[PDB]
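S.K.: here's my sequence, what's the structure:
(chains A and B, ligands or ions: 6)
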2 protein chains.
Amino acid sequence: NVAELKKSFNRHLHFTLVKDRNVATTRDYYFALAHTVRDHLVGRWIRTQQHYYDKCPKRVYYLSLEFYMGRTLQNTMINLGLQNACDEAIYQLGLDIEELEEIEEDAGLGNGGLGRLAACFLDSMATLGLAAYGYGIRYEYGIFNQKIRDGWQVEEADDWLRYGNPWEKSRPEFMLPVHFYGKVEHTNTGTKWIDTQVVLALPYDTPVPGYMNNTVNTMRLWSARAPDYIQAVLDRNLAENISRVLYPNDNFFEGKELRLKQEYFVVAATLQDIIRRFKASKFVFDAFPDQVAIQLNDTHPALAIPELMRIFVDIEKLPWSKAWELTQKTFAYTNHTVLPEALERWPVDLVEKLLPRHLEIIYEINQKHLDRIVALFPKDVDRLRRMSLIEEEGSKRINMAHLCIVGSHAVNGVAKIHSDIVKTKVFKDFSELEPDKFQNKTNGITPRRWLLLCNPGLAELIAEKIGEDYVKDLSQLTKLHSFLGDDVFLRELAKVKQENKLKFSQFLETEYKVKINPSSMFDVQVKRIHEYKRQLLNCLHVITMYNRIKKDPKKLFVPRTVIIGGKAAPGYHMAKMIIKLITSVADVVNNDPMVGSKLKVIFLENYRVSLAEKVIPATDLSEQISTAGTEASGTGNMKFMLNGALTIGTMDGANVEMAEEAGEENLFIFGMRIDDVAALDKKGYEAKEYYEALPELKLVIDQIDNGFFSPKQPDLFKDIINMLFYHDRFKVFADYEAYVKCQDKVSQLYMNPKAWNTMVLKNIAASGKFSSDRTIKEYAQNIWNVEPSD
Amino acid sequence: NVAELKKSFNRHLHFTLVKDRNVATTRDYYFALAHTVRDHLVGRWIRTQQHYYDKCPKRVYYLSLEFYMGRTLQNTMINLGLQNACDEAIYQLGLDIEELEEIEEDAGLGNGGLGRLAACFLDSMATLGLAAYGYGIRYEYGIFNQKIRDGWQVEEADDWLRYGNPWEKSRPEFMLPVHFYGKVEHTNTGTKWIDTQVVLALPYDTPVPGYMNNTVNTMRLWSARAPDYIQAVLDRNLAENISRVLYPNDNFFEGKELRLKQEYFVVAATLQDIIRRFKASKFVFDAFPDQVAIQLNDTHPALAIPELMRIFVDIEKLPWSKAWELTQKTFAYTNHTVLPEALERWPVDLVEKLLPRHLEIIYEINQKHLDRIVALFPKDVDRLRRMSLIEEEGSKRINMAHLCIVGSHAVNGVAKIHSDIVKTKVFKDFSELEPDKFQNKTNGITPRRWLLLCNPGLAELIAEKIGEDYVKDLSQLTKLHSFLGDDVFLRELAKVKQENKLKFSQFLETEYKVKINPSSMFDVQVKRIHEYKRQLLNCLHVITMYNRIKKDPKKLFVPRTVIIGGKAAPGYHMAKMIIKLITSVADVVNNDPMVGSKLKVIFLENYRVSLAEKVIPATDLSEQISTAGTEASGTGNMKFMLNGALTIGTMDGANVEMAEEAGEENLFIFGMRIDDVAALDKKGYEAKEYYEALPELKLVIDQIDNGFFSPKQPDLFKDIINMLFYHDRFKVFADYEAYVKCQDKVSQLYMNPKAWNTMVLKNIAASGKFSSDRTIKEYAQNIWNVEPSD
Ligand SMILES: O=C(NC(=O)c1cc(F)c(F)cc1Cl)Nc1cc(F)ccc1N1CCC(C(=O)O)CC1
Ligand SMILES: O=C(NC(=O)c1cc(F)c(F)cc1Cl)Nc1cc(F)ccc1N1CCC(C(=O)O)CC1
Ligand SMILES: *C(=O)c1c(COP(=O)(O)O)cnc(C)c1O
Ligand SMILES: *C(=O)c1c(COP(=O)(O)O)cnc(C)c1O
Ligand SMILES: CC(=O)N[C@@H]1O[C@H](CO)[C@@H](O)[C@H](O)[C@H]1O
Ligand SMILES: CC(=O)N[C@@H]1O[C@H](CO)[C@@H](O)[C@H](O)[C@H]1O
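M.R.: Residues are numbered from 1 along each chain as shown, chains lettered A, B, ... in the order given. Ligands and ions are numbered 1, 2, ... in the order given. Find the structure here:
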């Protein structure tokens, strides 16, 4: 109740924050309130953990390098059904609640979708009452802050721990050592990884609060530290440099020794802690597969596999065959990646230098892996070097996905189509050998963070009509199909959008130099910037539109506001270049009042979960315009649907099964299918053809190359054109023409408000499958093999 | 009260530590207790600080690179009068209080006694109700941890923030920018320090309670913060590398750029924080000195004199003369040093690169300074080069002691004989010009930490016989003179010592492979290992003793336990050596079966404030045996006196002033006075003329040299024998015999329970003056010009 909440808020401001109402900052109130919000959870965290300890269900362990968690404060109140009363306590206390919430930093401990997937899974696993966890690295700087400075991506540190974190609590008694380097020794009492360097891993808890169920899971994030003088003391910095900055590589393997360290680290820490827990409970190690599932979130924690064997073989002195069994049983692999540049393939010297014992264990696991394929395909020899864990060209390297397949019991992909590819195509060699290991698990997105919270309009609207069990069991949204008729309703829906759009448009005017049209069509494309996701393909169409206003501004133009945004990797020079252009484009279209209020181009600086939380609800057109067989699933494409945005997108990623739920027409699919792509790959890309045979496109590409958007520096964008004309693996022009045509389709619909809305009500009803609650069930019944409750 | 304490202890363990009692760690227990004790101190911390802010009384600023603060939990309980009520509360929750208390890490951000002076005064300014602060660097690593591996001091990272510190509270809103390097432009709007490099200073406040008085002052410590990509992030360390480790140079100037940075870092932050606050008060800047006082704690914070002067002329745009009149008005200097290697001589090159504006001002200040003397002494050519702020000889070196004097309105030494020599001999040139500037403030120790805390026993018995007036006014301990022939009070004193002895005897028996005689005379030299302090002298007597056992193991040898402890500085090979010797001797001693329970010798591992609080209370003899006129005062000595230990020691430092109060009969003074040494330097201290002249000494030296204590490494010690014979500034031989003769009187008087005890009582009675509460009164009156209140 409000009153005792009012009290709790002040006892902290006094005792924890040492402040009078007279002198408290905006920050100080947040902490006072956050502590109040942590307080009423501690109860159900101890019990929940206590319970999973007392009773031993099979504990889940989601081991990931990335947990894109965003903001905890509001989310926890919502999930703990304490928001309303908290909002009320802060009101009576004449404080601005929004203000306090914005003080809180993004736990930007992840790059993109996989990061948010690791996050959303946490939320559900709790809301499902599953005894799950969360194993990860407590990075001191997350994903970088993105500043638009002279139309160029500028990065800054994500110094989110500068002032602190009320959500985390250190667990010193559970601190563990981790070893790096040294030599392997071969002796009589078995084999010893002698003479090694030690980094302490200090584990920090953060509560994953179930959605109104009393379950409160742990999320364990680890941090580093060490066991003339001055310099030697200063040199401890290198060990505490393993947990410092998270790597900013969305779909790109950059094999840096520090990263390699980061990997092992979060893996040795985890498996040690996990093993301790098993033995700590009411249980040799025969029982271990039944007591622990470890989901390897992608190849990233591949190193866990050889580590588990290490801890068995070298430490439990358990006999190999038996230990190699349980590792397979325990572990599983969700494969997130396709693009070859996103596959972790580690130089061996590196591994020989850093983790020599794990190289003998990878060289060993590989050995047998081939001893079987030679007793299953004796004549065949190309299959051998096609399945080995070692790629024996120039610099020899380990395939980490190969190790995860030979090391797991269930490999999966992240959406039907993608998984279909992983199984039958990408790994046709392993799958044939035992197909029952490869399965699919289509991604999701907790309707808590992404509905209840961020669009409380929609969440409430739907709540007044059809109960609120849909927040627990989301595939209830179908019950809005009965509202397809209702006049009042469609117009009621459109209101919620308009509200969202207006409040977002204010933000957009008070941040940038742009008159935002509050009744225009919101075109949004937000994610990591990448040639594969085609923000460029978008960009051209944005130019294309400008080109339709000049020739004729008097034609009734469907007024739209383009909003592209996303963090380009530092290393990714090409993506940064796409941004500059996008911003350059933005500069021509914003100021040129020949067009004026008809079309505006906003690039969203520093896009992060809390910013996604805001823009998504105020969107009309989701842009999911990747290339045939690039997007593995997307988690973002899902939200937009669940938020009243129409999706423009390719028959790629979960966009495919998104149509399979709403209907192929209710989504704007265009461009070439994975088959059409493979057809043109046979014929091979010939960029010029469309440049010749497209009276419109060519102009766009002349304006880029001549210097319409960069005059004061005409060439600049040459780099781009060289990729577009000779090296475009994602075929920007090839699907330009379908896209532009499929863009008019959307424009012509948006004229009719009563129709768009109807096509929207269809999308929002048929977004039930994409509640991450479902994914988890699937994962539960087939991979981890556990049972939900409360 | 008893009950609420219990509830908040249980309440805190529950909500802050998120533990159930079932699994709560020893450490969780401390933290809950810590937090509970803090809560009854917050309300006063806020009032105290608002009071100052409101009424605006003149504010004292102790500017120091060192606060040897120790633990806070026990002290804080004491001053809030809560120890008793918390001893009960913990007792009832079935936990052992004593145990929790040792979980706390020593906030040892100090090298030695100078470090402890800064801490002691914080306690006293708080009690004397004064509006004072303490500004220091919040070193991530304090003075290192010390282990003994194969009889050697091993350094270890004092990692005191690993687990976190409940007694600081960050101040994210009082954060300040600091500047380094760049260049100096002189412009139409005064001069400009541009192109500079930026570190941030984030302040962390700590309560400094008063002893039962409603004033809880502040101590404000600062840590450093920043304002390939992966590599750029890691490089931020370099910045935070300025608050990283405390320099372990006890009485030594190694001049490292990092330290120069530490020194500007603390000072720059300190000054700006003082100013901003003054500008925030009721108060152009002509009020300033009447509102602010900065004591300069040795030269270390010297960069302030120009730093202010920068802030004064360049920011506030004040006319030089005005800025200078005020600089000296607000800065008061404490000289702590005697040795020529512990003066801070900064090489201009360095001070050019890192702080080029401050070098300008250091020059200008010095130009006007030579102006004065040219004016008075137009023929004294050598005086100008002597009294300058620059030492032109070779690489130009800034004498920083001059910097303080010239820019302070008061320059003090720490003892009668100290300030004395500093007035007439070490600084004659300046005091002849301004005799009045130079004064004395005899050092003192805080009797809350060094009686109420580390010694309930005395504190009680005293507080039973002559009440508790004596804590706040220690000069009451003369009221104890009335009991000199009180046989029972005498016998109840020896018992307090006994228990302290026995408890501490248990400390020793559990920490070492050595049996303690419960009735041995506790002989304790605890103090940073230094040639000048002559631990080596002590050492030699330990040998001289052992031989008096060999020469006839049937003679009555008075059983004594020699306990020597201190930390050799990393650079100090000669200290680290002497340590190996003591240990070497120790082994032999505690191992020759022919002694047994006649003489035990232990080195003190990791001697620190907390561990001082143990040994000190259980001592009979305190070695205060530096070579005459090498100790400015000492503070160690002072305790032992006030814990019923008789001193044996040179007429050096404050040991003289201890004789003044108690009378020379009641100390064991020995050796040569400053003048006796002087003559032996006018004579020349030819070293070997003793090893011939004294039979016993010969044997001791021949044994250290020929290998008695070093069979395996026989020449190991040569480095010392050589130093003794050929490079002994501190004349270990010269005062040997005197010491050894003096030693007999100790051994003899000890055999007289009544005579000894009577003496011990005279000491504790006369100990009155050595209150750091009296030292404050003197500082407050004749330097800071401020009044105590409540
Ligand atoms: O509530 C506080 N709290 C603290 O000052 C305080 C905060 C901490 F985070 C801490 F760790 C210790 C203190 Cl003491 N102060 C306060 C309350 C008022 F109602 C009016 C004035 C003040 N002043 C006190 C002096 C301060 C200064 O000079 O910097 C400014 C604020
Ligand atoms: O009281 C707690 N408190 C926490 O576990 C706890 C501590 C935190 F610092 C935190 F931030 C969150 C929790 Cl939930 N636990 C507890 C209480 C009991 F009465 C009995 C057992 C336990 N268990 C829970 C499971 C642990 C494990 O899985 O290793 C072991 C301790
Ligand atoms: C959502 O997953 C999301 C992403 C990735 O979105 P896509 O899967 O590419 O659609 C990136 N950044 C944030 C903040 C998200 O919430
Ligand atoms: C106490 O004063 C103390 C000292 C002082 O040593 P000396 O006066 O130099 O003998 C040094 N170190 C610690 C930890 C102390 O508590
Ligand atoms: C390496 C990586 O970040 N992979 C990403 O994984 C997420 C979550 O499965 C997918 O939505 C996305 O298509 C894919 O690019
Ligand atoms: C350089 C330094 O730390 N000097 C020390 O200052 C303390 C504190 O006053 C004196 O007791 C002592 O004589 C001296 O060793």
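S.K.: now the closest residue to ligand 5 within the stretch 251-400 of chain A. Nearest residue, chain neighbours left out?
M.R.: Taking C-beta to the nearest ligand atom as the measure, the point where the stretch 251-400 of chain A comes nearest ligand 5 is residue A:336, at 3.7 Å. C-beta here means a position set from N, CA and C on the backbone, and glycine is covered the same way. Among residues not flanking residue A:336 along the chain, residue A:298 sits closest, at 4.3 Å (C-beta to C-beta, 6 or more residues apart in numbering or on different chains).
S.K.: same deal with residue A:256?
M.R.: According to C-beta to C-beta, 6+ apart, the nearest residue to residue A:256 is residue B:230 (6.8 Å).
S.K.: check which helix or strand covers the one you found.
M.R.: Element membership for residue B:230, per DSSP states H and E: helix B:229-240.
S.K.: what's the next secondary structure element after that helix?
M.R.: helix B:257-280.
S.K.: ok so, going back, buried sites along the helix holding residue B:230?
M.R.: Neighbour-count burial for helix B:229-240 flags B:230, B:233, B:234, B:236, B:237, B:239, B:240 (criterion: 16 or more other C-beta atoms under 10 Å in any protein chain shown).
S.K.: with distance to ligand 4 added, can I get these in a markdown table?
M.R.: As requested, those are exported to a markdown table (distance: C-beta to the nearest ligand atom, whole Å):
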| residue | distance to ligand 4 |
| --- | --- |
| B:230 | 42 |
| B:233 | 38 |
| B:234 | 35 |
| B:236 | 34 |
| B:237 | 30 |
| B:239 | 31 |
| B:240 | 27 |
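S.K.: enumerate every residue touching whatever residue of chain A ends up closest to ligand 4.
M.R.: With C-beta to the nearest ligand atom, the shortest gap between chain A and ligand 4 falls at residue A:229, namely 18.5 Å. Applying C-beta atoms under 8 Å, 6 or more residues apart in numbering or on different chains to residue A:229 gives the contacts B:144, B:155, B:248, B:570, B:571.
S.K.: if we use 10 Å, what do you get?
M.R.: Taking C-beta atoms under 10 Å, 6 or more residues apart in numbering or on different chains as the criterion, residue A:229 is in contact with B:144, B:155, B:157, B:245, B:247, B:248, B:569, B:570, B:571.
S.K.: if we can go back for a sec, ok, the residue nearest to residue A:336 to ligand 6 distance?
M.R.: 56 Å (C-beta to the nearest ligand atom, to the nearest Å).
S.K.: smallest gap between the stretch 251-400 of chain A and ligand 2, at which residue?
M.R.: residue A:277 (5.1 Å).
S.K.: for that residue, grab the count of nearby residues.
M.R.: For residue A:277, the neighbour count with other C-beta atoms under 10 Å in any protein chain shown is 18.
S.K.: wait, it touches residue A:291, no?
M.R.: Yes: at 8.9 Å, residue A:277 counts as touching residue A:291 under the criterion of C-beta atoms under 10 Å.
S.K.: between those two, which contacts overlap?
M.R.: In contact with both residue A:277 and residue A:291: A:56, A:59, using C-beta under 10 Å, 6+ apart.
S.K.: quickly find the element holding residue A:648.
M.R.: Going by DSSP H and E, residue A:648 is in strand A:646-649.
S.K.: ugh, typo on my part, it should be residue A:222
M.R.: Assigned by DSSP H and E, residue A:222 belongs to strand A:216-225.
S.K.: ok, and does that strand reach over to chain B?
M.R.: Yes: judged by C-beta under 10 Å from any C-beta of the partner chain, strand A:216-225 and chain B are in contact via residue A:225.
S.K.: that strand pairs with which strands, and in what direction?
M.R.: Taking DSSP bridges as the criterion, strand A:216-225 pairs within the sheet with strand A:135-137 (parallel), strand A:197-209 (antiparallel).
S.K.: distance-wise, check the residue of chain A closest to ligand 4 relative to ligand 3.
M.R.: Per C-beta to the nearest ligand atom, residue A:229 is found 45 Å from ligand 3.
S.K.: quick one: distance of the helix holding residue B:230 to the chain centre.
M.R.: 34 Å (C-alpha atoms, centre = their mean, to the nearest Å).
S.K.: before we move on, what about stretch A:394-407?
M.R.: On C-alpha atoms, centre = their mean, the centre of stretch A:394-407 falls 24 Å from the chain's centre.
S.K.: CA atoms of it as PDB?
M.R.: The C-alpha trace of stretch A:394-407 is given here as PDB (Å, rounded to 0.1, in the frame of the first residue of the first chain):
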ATOM      1  CA  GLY A 394      47.300 -21.300 -43.600                       C
ATOM      2  CA  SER A 395      46.600 -20.300 -40.000                       C
ATOM      3  CA  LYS A 396      44.800 -23.300 -38.400                       C
ATOM      4  CA  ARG A 397      41.600 -22.400 -36.600                       C
ATOM      5  CA  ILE A 398      38.900 -24.000 -34.400                       C
ATOM      6  CA  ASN A 399      35.300 -24.000 -35.600                       C
ATOM      7  CA  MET A 400      33.300 -23.100 -32.500                       C
ATOM      8  CA  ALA A 401      29.900 -24.100 -33.900                       C
ATOM      9  CA  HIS A 402      31.300 -27.500 -34.900                       C
ATOM     10  CA  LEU A 403      32.500 -27.900 -31.300                       C
ATOM     11  CA  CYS A 404      29.000 -26.900 -30.000                       C
ATOM     12  CA  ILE A 405      27.300 -29.500 -32.200                       C
ATOM     13  CA  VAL A 406      29.600 -32.400 -31.300                       C
ATOM     14  CA  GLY A 407      29.300 -31.100 -27.700                       C
END
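S.K.: how about it: buried residues?
M.R.: So stretch A:394-407, judged by 16+ other C-beta under 10 Å, has buried residues A:397, A:398, A:399, A:400, A:401, A:402, A:403, A:404, A:405, A:406, A:407.
S.K.: residue A:175 and residue A:222: what is the separation?
M.R.: Distance, residue A:175 to residue A:222, by C-beta to C-beta, to the nearest Å: 9 Å.
S.K.: okay, those two: which has more neighbours?
M.R.: residue A:222 (29 against 18).
S.K.: wait, that one touches residue A:243, no?
M.R.: Yes: between residue A:222 and residue A:243 there is a contact at 6.7 Å, judged by C-beta under 10 Å.
S.K.: find the centremost residue of chain A, please.
M.R.: residue A:113 (2.1 Å; C-alpha atoms, centre = their mean).
S.K.: break chain A down into its structural domains.
M.R.: A:1-444+A:772-787, A:445-771 (curated CATH domains).
S.K.: mind putting these into CSV with distance to residue B:24?
M.R.: Shown next, in CSV, are those (distance: least, C-beta to C-beta, whole Å):
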stretch, distance to residue B:24
domain A:1-444+A:772-787, 10
domain A:445-771, 32
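S.K.: as a markdown table, those domains with distance to ligand 1 would be great.
M.R.: Below are the domains of chain A laid out as a markdown table (distance: least, C-beta to the nearest ligand atom, whole Å):
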| stretch | distance to ligand 1 |
| --- | --- |
| domain A:1-444+A:772-787 | 3 |
| domain A:445-771 | 27 |
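S.K.: quick one on the thing from earlier: from the buried residues of helix B:229-240, which single one is nearest ligand 2?
M.R.: Using C-beta to the nearest ligand atom, these come closest to ligand 2 at residue B:240, 26.9 Å.
S.K.: excluding chain neighbours, what is closest to the closest one?
M.R.: Counting by C-beta to C-beta, 6+ apart, the residue nearest residue B:240 is residue B:224, at 4.8 Å.
S.K.: could you check how far residue A:151 is from residue B:755?
M.R.: For residue A:151, the distance to residue B:755 - C-beta to C-beta - is 90 Å.
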